[PDB]
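One structure follows; several queries about it will come next.
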């Protein structure tokens, strides 16, 4: 096979089944601000601090001081690594030389490689040297000289590529001369930007072909890990207590399955948030830890509103079992939102997760995007064994349980009814049940 | 007096080209980066040596042989073994070019040639007429030498090739394409030109998996259905009894429509369990619930899907629609149905694809699925949460409808093609004894 | 009226109102694999075979043996014609490189006494002219030369990146321009031909789909001149027939059987076809969701034995899939089979299986052809004003049981029953009551 | 003001309020086959045969023999005019001269002008001479030399322009140097081609700015005449007899207004075609002449079908009062269809015009195109005083009268009812009326 050098970006390495190709040049293309320089920096830094592989960073415009300080904010301590002689930075600048001896660069490169003992290399803005080459055949020959140099030396090299007016690179050659080609793009849609990565080419390995949204937060380059893939869900035969005993009773077995995904759907003011809060509070009382993701209400406001029904979510927030997360759709974009959901869930290790409401994303993306991000969330939760409570104003087919709460007018008065529409794996009551809200909470009438 | 074809060993490609590539003539596999031109040419050579003994030479102008060999070693091409057996050679590099090629060919007496990165030379020619003359010189040399050549071409910022002339100088031109839509990449092959023969003019999706370069074969053409008189047992004897003759015809396509919690997955599980208990092998494609979850939920109704699975008769496949494209979904389905050769297939629910494509794409996919299963005499069950009765030989509508604050479960036998069927509506009950219709 | 030379493609000659312009050059433009070379080959070979007009194929790049073999499969049999001195192929080659070309041409044309010429891949020469003025001046010199000699010439133009040709001038210097394009839509590729310019004549200006089949370059030639007959047709359901004054529908009519699934659309269409075959008429049944054996099996349930008629050769059952080769291609296949079989009754089941405007045009054309040929057509659907008769078959829920009823919603030119008729399906078939 | 030289294309001259500008150069741009050469030919020919204005046709590639024969099919008898010395053709060809004395062309031009006494000039494929000029400033200067030459001589000149890759002309200069610029385009939509003309520029005059569909039939360049514009309708206080006396009675005054537009709408088999045929037959019996435009039925078939109801449309067809026109939507494109409708109506001078059905165009164009072409037809008819009967399966607001024919099921039987929904300018019955079809025709029950 082909050897794989890992980068340290967990999601990227997973999608590439081990990382970049070892002893070969890799191309990371994109426009300005897409993440190519930071990806190469992370490649080098993680190669040193996770695989004892020293690195050299060749820069043709960006100053070495700039290169270290532009990552100091991510705590990479590149200044540290440079003083410790695990990473070196070689700066090459030109001006009258460009009109027209690349062996000099080869010598300088080899010298830095030997000083640091480098096994990984980064070549940033090679365009500064190769934009002088006007004839395409000559440009191709020289790029081949450089890439074959690196191959011979067996250095794992990440080479930057400016997209310019082109689909991958300005001149449209390095994408064909490289063995692994990655595209980073920063696409805006309805004033919202999303970073996406794509493995366009990778000889000698399978990988993910699709576009994969990624992130450059204060924690650096980060990709959604495919590990939490779909349909590997944990199956539990134990049941969950919802906090509404009269609902829990309607099902044979005493309640919904643990790690089940249950959709509470209805009209506004029908009790969806109330039921979800009941779920979370029952879990926290049992001693589990729960997450409540509000997208329409503030955490303090939800605690208040539920106080009216007798749920003291504040007690759980203080104990540290319940964690509220309030965020509106426009802020934290759809992929951003998926990422924060999954991440904060990993950190808190909840047992029950409530999404109130999953309709808040209905108007923030086409049917496919909304449905697919919801698929990802539900798969993540069930693979972790988390009981998910999704409130809503096709999803029913995706959910393990379905509760419908209706405040309907009859004879000049609104009555609240509850339907258990779906409850896979059990017998359950077909009978509509009237339900009342009060200080005692949600109750069901005979 | 048709032309002569040399097969590539890619079943789908050879079926679409009616024999393979033009023999003794150069073809042009155009494509962007990572679309599979080099892999298609490598497969051409490897299948030539394995299936028909025709030695092969891979002439690369820029990439090195060890890199070629490692690039394909992960797919089990055993290039190194073939080079030692002197069946395949990998040589690195206009009369001089011709001599170097004759050398590379003499290494193993190659009958199949591949030209990788011919752009190294042809980018030097700036004048269009000169470039065209040289290209035609090379292509005519390859025509006369008695070798079947596959030439890779770089699309670049072009429709097929970067300079836009080799596609016109060649006689067989195939575009390899990797198009993204809704973040999903689909690999497609197209025959843009093929002089001397009929062939598939449409776009055809293909995979580059552990099986290599693979095109779905159109040998499962539509409307060649296997027609059987024998009936298939549903596992619900009252349902099968509603139909004169004992139930649905074997090899039929049967839709099970309804609202969530209506019993569609349950009826389909009854079908699969009945088949496995008869000793036939069944396949449950679940697009929404994991295999173990489905087994658990069906145990409640009293079906030991787990027993049938461990017996090897039942194959569960859990697959999220959004993970692939619709074309790739069809390809994966059909491939696994081939590998398993089941008698009963379940798709639970096909409605999970409607979201992932417009009516035309999903309808075509379901056309191909039903045509495949019926051409093989496989009874297909499709659950649904819309005019799909077009492709369905049978149709069962399961309702869980509210009356007086109570939900009654009813069954409609809407379509029973070719048989007297009860058009009455039957109330049913679900229990540990399964699905039972009340008399 | 300009002088025209037929190409031999029925549809193309009909569209161009006689064919290509005589003694003048024509420009067949297209991207790679669109059919310009085959079009030119057909021009020449049909010229020699149908009109005795010898031909010369001047190729600047492609080899003559390649030219012969790339068309041998189509039965054109060019090699015999070269031996017989009806057609010639002349290979002009160029490598790092004015009237000498004209000299060689003239020699070629005189060897075989050619009145038709093809010029394939003049780009070999015209790609070296950088100056646009120079290039078009040379193009004009060539076109003039050909017009002075009076040879009907088809010139191939490579579209390349351009909209017609790579350099964008031959389309202006030529008098007749035909753009062939192989356009993909939903992974389905359709070949279209368009007469961009044809000086001196009216002609079809739209895009016309064509097919390069194993028979070759083919275009489908329909109109609103329906053949009118009073004769009445037996439906197989004599009571339905009786509901109509005189005893049925008009022979040549177009009928729509509409309803839900399991309503009896295919049953009624099979009844029509079986009645026709029984009285001795050739009937055709185009299904787009059912195999022929499946149809005979399912109709034997109601008592129709279509196997009898199929074996007798009176019934021809054809099964296709709509999503394969595009709507106009379908139309073409259905049409060719109707032409072959000269059926009295044609069935299309379901027509709903076939975007909106395309399907509307296809259906209008099918009805037009059947009517003009005098054939009665039974269309099934899961239009009402485009047909002549309309039968609505209902399987409606009443008291938790589906009752089966029939409406005769439309029957142009006759008094029918405004009454609904409850109908029963049984081993004997379709029956009704008042 | 500016002098206007008419071309002979009635619609073009109307849209330009008199034709091209006199003594100035005009540019007719377009791709191949759009109608520029034929427009210039018509310009010259009609200038000679309608305004005693002799012409010269300068051609730079197309042979003079070709130029005459390519119009012989239109009966222009250009060979005649050339022998009679009213039009001349001057052919200029080049080849080695193009690499690099335009005064020679000026001399040749002036000589032809003086021979024929020309007042109109056409310059066809000036590109053959001016494509040699590479520098844009020099090309502009030379084009200005030529156009100023023509201006000085006061010749009304039509200059061809090849569109090429450009929006109007290949080099993008003549459109700015000309005083009148016209664009001819041949746009395909759903495999159907439509010819459109546009006055892009015309200094010194008002004109139509919109795109105007035109035609090149066997009668040559032809434009829809805007003269039959909208809302100048003829207003009649006399009434029409529909042939259904019981319908005519429901309206105060004895029937619909003459020159009225009446929409018969309903379900299939409801009697729309029958009522329309009754209208046409009543008119033809009165002695008027009527047109019946079928888009779903053949003329013989419609005569048969109506025979069943007792209308002998064959008698009227034979008398010459009734004229049938059968054509399907796809054939005779939407603009094509408008054109044939209007034209054949002008020729036949009908009194009643039936369009059966105007729904046949529902699926052949977007709502705006269908509605606007229908607007044009209705305006044309009412401006001529023609009574229009439009059958159908927003238009109601456009129609002067509205009849609704419904075959509705009740108690397992279909009954036919007739509603007079609208009838401007009169009192009319609000009562639904049952109607029966028989050999006696359409009758209404008390």
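Going by the order they are written in, the chains are A, B, C and D; count residues from 1 in each one.
Going forward, a contact is a pair of C-beta atoms (placed from the backbone, for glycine too) under 8 Å apart; a residue touches a chain by one contact, two chains touch by 3 or more.
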Rounded Å distance between subunit B and subunit C, as computed from the means of their C-alpha atoms: 30
Inter-chain centre distance, subunit A versus subunit D - centres from mean C-alpha coordinates, in Å: 60
Distance between chain centroids, defined by C-alpha means - subunit A, subunit C (Å): 53
For subunit A, residues contacting two or more additional chains: none
Pairwise touch network: line, ring, star, complete, or other: line
Contacting chain pairs - touch in the sense defined above: A-B, B-C, C-D
Touching residues (chain side subunit B, partner subunit A) in the complex: 32-34, 38, 62, 64, 67, 70-74, 117, 119-121, 123-124, 126, 154, 156-157, 162, 178, 180, 182-185, 187, 208-210, 259-261, 286, 288-290, 292-293, 296-297, 299-300, 318-320, 322-323, 349, 351-352, 355-356, 385, 400, 402, 405-409, 430-431
Residues of subunit C that touch subunit D when the two form their complex: 1-2, 24, 131-134, 136-138, 140-141, 143-144, 147, 163-164, 168, 171-173, 175, 177, 192, 194-202, 205-209, 223-226, 228, 230, 356-358, 360-361, 364-365, 368, 371, 384-386, 390, 405, 407, 409-415, 418-420
